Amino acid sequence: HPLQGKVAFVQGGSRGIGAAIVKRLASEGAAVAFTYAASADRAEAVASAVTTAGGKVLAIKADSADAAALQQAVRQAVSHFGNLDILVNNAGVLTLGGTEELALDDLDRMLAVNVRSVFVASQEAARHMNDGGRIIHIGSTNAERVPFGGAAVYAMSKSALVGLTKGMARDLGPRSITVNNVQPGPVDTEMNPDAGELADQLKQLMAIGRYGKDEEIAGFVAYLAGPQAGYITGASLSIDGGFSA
């Protein structure tokens, strides 16, 4: 239990990678607060995986596009569990569209969730975080390799986290708080399943030749959130089966 007595906040915790990160942090001993936007039933099942195995959880309905709601969620977590040790920013939106075609709505909405809300949550968490804490952003290997058309705005929104991570590391390093950007490649989830022509296309660009599992992203996040990782900061850390080699 390397996270015994720690408090973690996970933005986007109810499905896919987020759900795996909540369960893993809780299995190492952290109390976990997490946000969800879409499904109370998915959130309940995550919360039950935490407690059936003896961990402490708080599920919070909060739309990551709304600045006020996110800051409110972080304060609710703090009232519930005390000051945060760990923040994981896992909210993320994807719309495909060419430069000439993408709707201005769709732009605004990737910026809101993938960028704005990462800063918004980081700022409120930082105001209620213990020294020696950990902020982990979940980015994308598309910050580094964009092999096809249609991903301009999504890649932009994920490459934004590179500079964010560097400058946050400088800001919070005097408090011994680490800040890192985890950059996954394709991960097998319901909305991006390891099945079909697109997945084969993507697997051809990878050195490993399978999609990543949620548990593997979770494992890396947990390592970074842990007592062994106090010297890793400002880094963008690829976990992508060699997609970006």
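Note that residue numbering follows the sequence shown and begins at 1.
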Between 98-106 and 69-77, which has the higher average C-alpha B-factor in the PDB entry? 98-106
Averaged over C-alpha atoms, is the B-factor higher for 45-53 or for 209-217 in this PDB entry? 45-53
Max C-alpha B-factor within the set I60, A199, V32, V179 falls on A199
Out of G82, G133, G92, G163, which one has a C-alpha B factor higher than all the others in the entry? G92
Among modelled residues of the same chain, the CA temperature factor third for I239: lowest
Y154 by Cα B-factor - lowest, middle or highest third of the modelled chain: lowest
Just say lowest, middle or highest third for the CA B-factor of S64 relative to the other modelled residues in its chain. highest
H137 CA temperature factor, ranked by third within the chain: lowest
Among modelled residues of the same chain, the CA temperature factor third for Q204: highest
